[PDB]
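See structure below.
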Amino acid sequence: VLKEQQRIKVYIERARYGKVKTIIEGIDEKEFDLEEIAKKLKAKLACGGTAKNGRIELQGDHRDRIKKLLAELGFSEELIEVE
Ligand SMILES: O=N[O-]
């Protein structure tokens, strides 16, 4: 059984003009290149976004697809909490 918390958190923050953004927090920024992971997810979703301050930010609400997309990048789906 899993011996850690649901350490990759995915949640929504407000953007302007009635839009929203998806935040992915908890990917180890020391070990992995969050800029690169952001670029990959941006390309898969054709959306804007950035990596900053230890988090990835994506334009729009991508909670519907984020577990599949992070699993395409090898992340364990049990570590991912979509909030
Ligand atoms: O972020 N302004 O909704």
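In the structure tokens, chains take letters A, B, ... by order of appearance, with residues numbered from 1 within each chain and ligands from 1 in the order shown.
Once only C-alpha atoms and all ligand atoms are used for the distance check, the residues close to ligand 1 at 6 Å turn out to be residues 14, 15 and 16 of chain A.
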Residues just named, written with N, CA and C atoms as a compact mmCIF listing (two decimals), in the first residue's frame:
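Now in again17.txt:
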# COMPACT_ATOMS: atom_id res chain seq x y z
N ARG A 14 -8.63 31.21 -9.82
CA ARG A 14 -9.33 32.20 -10.69
C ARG A 14 -8.38 32.89 -11.54
N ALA A 15 -8.86 33.12 -12.79
CA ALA A 15 -8.21 34.00 -13.73
C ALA A 15 -9.16 35.16 -13.97
N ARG A 16 -8.74 36.10 -14.77
CA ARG A 16 -9.64 37.23 -15.06
C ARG A 16 -10.64 36.97 -16.13
inquiry  = Can you pull out the residues contacting range 17-31 of chain A? Cut-off 10 Å, using only C-alpha atoms, and skip same-chain residues under 2 positions away; I want them as a PyMOL selection string.
reply    = chain A and resi 6-15+33-35+37-38+48-51+53-63+66+75+79-82
Keeping only C-alpha atoms, write those residues as a compact mmCIF listing (two decimals), in the first residue's frame.
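Result written to again18.txt:
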# COMPACT_ATOMS: atom_id res chain seq x y z
CA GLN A 6 -1.44 12.29 -2.26
CA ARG A 7 1.34 14.58 -2.88
CA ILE A 8 0.48 15.78 -6.48
CA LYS A 9 -2.43 18.20 -6.00
CA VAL A 10 -4.41 19.56 -8.91
CA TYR A 11 -6.86 22.40 -8.25
CA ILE A 12 -8.38 25.50 -9.85
CA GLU A 13 -7.53 29.16 -9.27
CA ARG A 14 -9.33 32.20 -10.69
CA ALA A 15 -8.21 34.00 -13.73
CA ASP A 33 12.03 20.10 -14.78
CA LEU A 34 8.63 21.69 -14.27
CA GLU A 35 9.15 23.96 -17.32
CA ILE A 37 6.45 19.20 -18.01
CA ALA A 38 4.47 22.40 -18.46
CA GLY A 48 -1.32 28.50 -22.25
CA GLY A 49 0.57 28.03 -19.03
CA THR A 50 3.78 28.40 -17.12
CA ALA A 51 5.92 26.90 -14.45
CA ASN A 53 7.24 29.13 -7.86
CA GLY A 54 7.27 25.34 -7.78
CA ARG A 55 3.94 24.94 -9.49
CA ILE A 56 2.61 24.43 -13.01
CA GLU A 57 -0.24 26.72 -14.10
CA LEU A 58 -2.39 25.89 -17.10
CA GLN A 59 -4.99 28.09 -18.81
CA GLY A 60 -8.44 26.56 -18.30
CA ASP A 61 -9.85 23.76 -16.16
CA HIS A 62 -8.10 20.48 -17.16
CA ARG A 63 -9.10 18.38 -14.21
CA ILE A 66 -4.97 15.67 -15.92
CA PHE A 75 3.36 9.73 -12.75
CA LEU A 79 -0.30 10.14 -6.00
CA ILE A 80 -2.61 12.57 -7.87
CA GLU A 81 -5.43 14.29 -5.93
CA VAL A 82 -7.78 16.28 -8.20
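Candidate residues A:4, A:76, A:65, A:83 were compared for distance to residue 41 in chain A, and the nearest is A:65, using only C-alpha atoms.
One distance worth recording is that between CA of residue 78 in chain A and CA of residue 52 in chain A, which is 24.3 Å.
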query = Among chain A, which ones does DSSP place in strand (DSSP E), written as a list in words?
reply = residues 8, 9, 10, 11, 12, 13, 14, 20, 21, 22, 23, 24, 25, 49, 50, 51, 52, 55, 56, 57, 58, 59, 80, 81 and 82 of chain A
